[PDB]
Each structure stands twice: as structure tokens, then as C-alpha cells.
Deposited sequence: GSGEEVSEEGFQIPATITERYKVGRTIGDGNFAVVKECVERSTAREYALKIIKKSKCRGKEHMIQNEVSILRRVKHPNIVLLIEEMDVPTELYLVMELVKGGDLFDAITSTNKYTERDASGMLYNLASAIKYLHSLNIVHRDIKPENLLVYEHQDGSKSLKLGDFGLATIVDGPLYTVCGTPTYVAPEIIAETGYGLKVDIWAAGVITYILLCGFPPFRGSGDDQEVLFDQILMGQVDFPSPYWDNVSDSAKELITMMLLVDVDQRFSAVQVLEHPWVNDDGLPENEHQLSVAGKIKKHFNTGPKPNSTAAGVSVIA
């Protein structure tokens, strides 16, 4: 850790240990304010999968997206001081609670889409909870849409069918991932479960089903919203605006004791 960081910040324990970065909690010495420190290891050769994610982060300012406070660039790694969300991810209850979560998620997705940004890795692990409100994070896979995209990326559970097809995709792959998440929030398991290729062939059909007994006491409005969010026809599929105008975003759920089993 370089002296430039420690002069102003006090790095602490590790709260995020992915394969692509390290996150730690830290305190600004001047103001005794908590923040998060993202440490991104650079390639041993002296670069654009890091710079791009930073270029994205300098443009995003929304109450439902983890905020970039400041950045320090160093030869071996790049240090990002970001806002700290102390609640944990989506894993860490009612249709009323879940509907507010999609509202936060769709407000972020709507904001990003106005800047032609596609997140391409929206999943529960990348959604953080303030004590509830959600905040979207990890813009490593985000990119600006200037044309159809053909790169297959993201965790296969939340990947849209047109990504699997490799025919071209765009801004509406984030609505699909949000639909899968909302589906999970209501019953605790994913719409397409598979049995590696079986999952891909299942998603490509796009048969969203609400089985019994889990989906019996969930409103038809949520079913209608989820079905419109998970439409294989991209043109028909809902936009972030269409999701936010839906009445379900504007009854206890037996969901936890099954999220721990499936994930």
C-alpha cells in the first residue's frame, strides 16, 4: 500500500475479496469518515479494462449507485476510494419490501441507460443494501452502447437469451437480469435452473413459469411485471422507464429458507 493513500486514509479490514480486485473498509483521517477502498491489481506489463471502468465511474452520480469518491493511480495497482455501504449484498420480508428493491434497482438502470451505459453484470452479489435501499456496484463489465454488442459476459443465471445467441444485444440485457432478480426475491430460486449447456438452452426458450405452492400467494401484478421484464423479444421487453411506471413498483414471503439452499 502506497504512502499517498495512508497519508489521508486508514485502511482497515477486508470486506471484498474477488479474483479481480480487493475491497477494504477505511477511514478518512481528516474527517473520521468511513469509505471503501478498491485495490485493482494491474498487469505485469506496462490496461483498458481498468481505465474503462474508471471512465464509467467518473460519469455516474445517482443515489442508487455506489459512488466514486476519489482515485489514485500507481504503477502496480490502481486505488479507488468509493462510498461504503455497510449493510452487505442482496443476500444479507414482503412483496412491499421487494417492490422497493426493484424500484431502487430500476432507478439505477434507468439512470445508466440515459447515458447509453449497460452494466452487463447485474446480480445480487453486485447490489448493496443501506439501512432498506439498494445501491448498484462493480462497473468492471459496464460499457457504452454505440452498436450491437456480441461479447458473452455475466453470470449465466442472469444472462439474457440474446447474449447466448451471440446475435447482438444492448441496453435491455440489464432489464432481463433485474427480472431474474425480482423473480428470485419473490420465491427464492431462479426462473431458469438447468441441471452447463442445459441452462443455456433453457434460457434461450425463455419459458418463465410461476410454480406452486411458492407462487400461489404472490400477486398477479408481480407475475405480469416479471413476465414483461423477462421477454425474449427485446422490442417487446420492458424498458427501465416501463418498469418504473408499473403499479407494482409504485403478505409475508417464505423466501429466505431456500435462498440459502439454491445459492
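| task | Could you list the ranges of the deposited sequence that have no C-alpha atoms in the model? | result | Deposited residues absent from the model fall in 1-12, 59-60, 107-113, 153-157, 222-224, 280-287, 301-317.
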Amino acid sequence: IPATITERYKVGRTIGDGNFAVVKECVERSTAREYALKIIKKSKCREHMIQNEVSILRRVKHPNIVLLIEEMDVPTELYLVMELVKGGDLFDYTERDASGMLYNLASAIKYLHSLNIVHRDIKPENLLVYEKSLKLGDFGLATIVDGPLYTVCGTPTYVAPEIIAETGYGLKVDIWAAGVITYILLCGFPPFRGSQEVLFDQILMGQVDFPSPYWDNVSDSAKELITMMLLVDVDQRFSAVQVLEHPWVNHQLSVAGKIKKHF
From here on, numbers count along this sequence of modelled residues.
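Take the two forms, superpose them, and find the largest set of C-alpha atoms that agree within 1.5 Å; that set is the rigid core.
| After fitting on the rigid core, which stretch moves more in 7 other deposited structures of this protein, 227-235 or 48-56, going by C-alpha RMS? | Comparing 48-56 with 227-235, the one that moves more in 7 other deposited structures of this protein is 48-56.
| message | So, in 7 other deposited structures of this protein, taking the root mean square over structures and residues of the Cα distances after a rigid core fit: is 22-30 or 211-219 the more displaced stretch? | response | When 22-30 and 211-219 are compared in 7 other deposited structures of this protein, 22-30 lies farther out.
| request: Take the C-alpha B-factors listed in the entry for 83-91 and for 133-141, compute each mean, and give the stretch with the larger one. | output: Stretch with the greater average CA B-factor: 83-91.
| Which has the higher mean CA temperature factor in the PDB entry, 251-259 or 20-28? | Looking at the record's C-alpha B-factors, the answer is 251-259.
| Which of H62, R46, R58, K223 ranks first by CA B-factor in the deposited coordinates | Comparing C-alpha B-factors across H62, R46, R58, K223, the top value belongs to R46.
| field | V208, C-alpha B-factor rank within chain (lowest, middle or highest third) | value | Answer is middle: the recorded C-alpha B-factor places it there.
| task | Looking at the entry's B-factor column for C-alpha atoms only, identify whether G170 ranks in the lowest, middle or highest third of its chain. | result | Lowest third - that is where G170 ends up once the chain's C-alpha B-factors are sorted.
| field | Lowest, middle or highest third - CA B-factor, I69 | value | Middle third of the chain for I69's C-alpha B-factor.
| field | Ranked against its chain, the third holding the CA B-factor of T227 | value | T227: CA B-factor falls in the lowest third of its chain.
| query | When the modelled residues of the chain are sorted by Cα temperature factor, does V241 land in the lowest, middle or highest third? | reply | Ranked within chain, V241 CA B lands in the middle tercile.
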